[PDB]
């Protein structure tokens, strides 16, 4: 069976976890610290904090900006539910904006238009666009728009560690940026994430919030404010540190497999049967998602791929369709693209241990399903 994801943990990391478990510095230590330094260096960004998961990064980003009851944040319609959920868990309201059919990312024009017509009652405080599947496209526009309207930008870069927006690493443009190390992502620590920022107060506040408001004072550990526990373990950090220096190379290989998909599938796209993703420069290809034409039933397609030894899945959800984010501004809007991607979007296997023969088999099987051969 060709699998969607096969997490790759280097043997050196496995040995290192063993050493840690046996010695027994388990809690956040020199491994987390070093992982943060290496993440910061990788990204070109002043600060990193590793945390329990990608949702925690988002959560701390909201909390550090003091976003909560009375406030509003704009989220894309197409994403994993965490993006909108985590906004509402603070008390704020998730205001949904549709995404663009080509990028699968928040539509910058709908975004600006949503801001201009905003009528409260809550105060709009941030934009939380998703760089979906590792796609950076739109990011500079989101920044430009956020500044024009005096809003914070929080990058939900869950899927985009290693993606690059022209000259600038994804995650480093927002006031803060957030990454997931969930096993479906390309660097995984099983569960894990990171919150990054160029802002010292946001960093220091998130860091207090991450660990019970603890910081170092003259006579020892001080408790300066209320907080949570969103710490990552030292052995998880070690896992991540071993993957990070391989990550760019892994991404390069993924872009090469995407080239293979694109050329093999281009005729099906020509015939109007599928829409292929635009893998722009700096796309990290965390996911390769096509869109099935209208005529097809994704459930049947997936079944027939599975019978041919190929895994597939939906790409992401439609937040409007979940019916959980019920600000009047959402119920009075109309969403077109996100709901379509939710039903017709089909992720195909693309990871570190697929080769050209695997992709040829996948595309031939797709062909035979769609064209009936």
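Residue numbers count along the first chain shown, from 1.
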query: Average Cα temperature factor in the PDB entry - higher stretch of 202-210, 117-125; finding: 117-125
query: Per the entry, higher mean C-alpha B factor between 177-185 and 262-270; finding: 262-270
query: Deposited CA B-factor, highest of 218, 144, 109, 156; finding: 218
query: Member of 44, 308, 345, 68 with the greatest C-alpha B factor (per the PDB record); finding: 308
query: Where the record places residue 332 (Cα B-factor, split into thirds across the chain); finding: highest
query: Residue 297 CA temperature factor, ranked by third within the chain; finding: highest
query: B-factor third for the C-alpha atom of residue 28 within its chain; finding: highest
query: Residue 103 - which third its CA temperature factor falls in, relative to the rest of the chain; finding: middle
query: CA B-factor placement of residue 229, once the chain's modelled residues are sorted into thirds; finding: lowest
